[PDB]
């Protein structure tokens, strides 16, 4: 009963399996009428994406290494050879050495910090500025963040300044592109069940904690995020740019457990 993206086409980055946030988003954005292009980071991923993409009417798949600006130049070159125009971009790329997401933050190595910054923060700047060039009549973009950027989440470590800066760049990008009628927002998702446990050593704990202590008593679903993304990428969110939108079943509001 929703087709507000009828006739709109966009780019989805961040799919790694059927449990990826970018995938939940993809499903919901397609059900609302969007044509999807996808990027993929590796071969195993491409092989899982292929069937997934097919179930949302799409064979448009383009490998990309978000750490290499040439790769991204190429990603847009391949996109452009089918679409002269783009309406939205989903950026859900998060990487860090998972072995360094344990113990105290001060053990963050310089190279992991550089790499985590590059992939988890600056890639959005890169992509956004490439994509804008295909939005001559405006458009909308989102990145993904987590509340661990601003309050201390144990183990999160290197991810934390990276998101913090991602959130910062989100707001600067919004100001840059605002005159061109491009909107740039972020979704601060809560832990997603099962996904949490594979991303970081205490993921299960973080999630269980979040579900026990959120006002809504559940964790956010992939579909929740998909619908919030649908909101921020459609005309519905026309009065909204540069927003760090919290979609965590309200976990962020509670100061302590009951």
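Positions refer to the first chain, counted from 1.
For the pair 119 to 127 and 100 to 108, the mean B factor over Cα atoms is greater in 100 to 108.
Just going by the entry, 55 to 63 versus 222 to 230 on mean CA temperature factor gives the higher value to 55 to 63. Of the candidates 27, 50, 211, 204, the one whose C-alpha carries the top B factor in the deposited record is 50. Ranking 189, 32, 36, 198 by the C-alpha B-factor listed in the PDB entry places 36 at the top. Among all modelled residues in this chain, the alpha-carbon of residue 77 has a temperature factor (C-alpha) in the highest third. When all modelled residues of the chain are sorted by CA temperature factor, residue 236 is found within the middle third.
Compared with the other modelled residues of the chain, the Cα B-factor recorded for residue 94 ranks in the highest third. Per-chain ranking of the deposited C-alpha B factor places residue 253 in the middle third. Residue 83: CA B factor in the highest third of modelled residues in this chain (values from the PDB entry).
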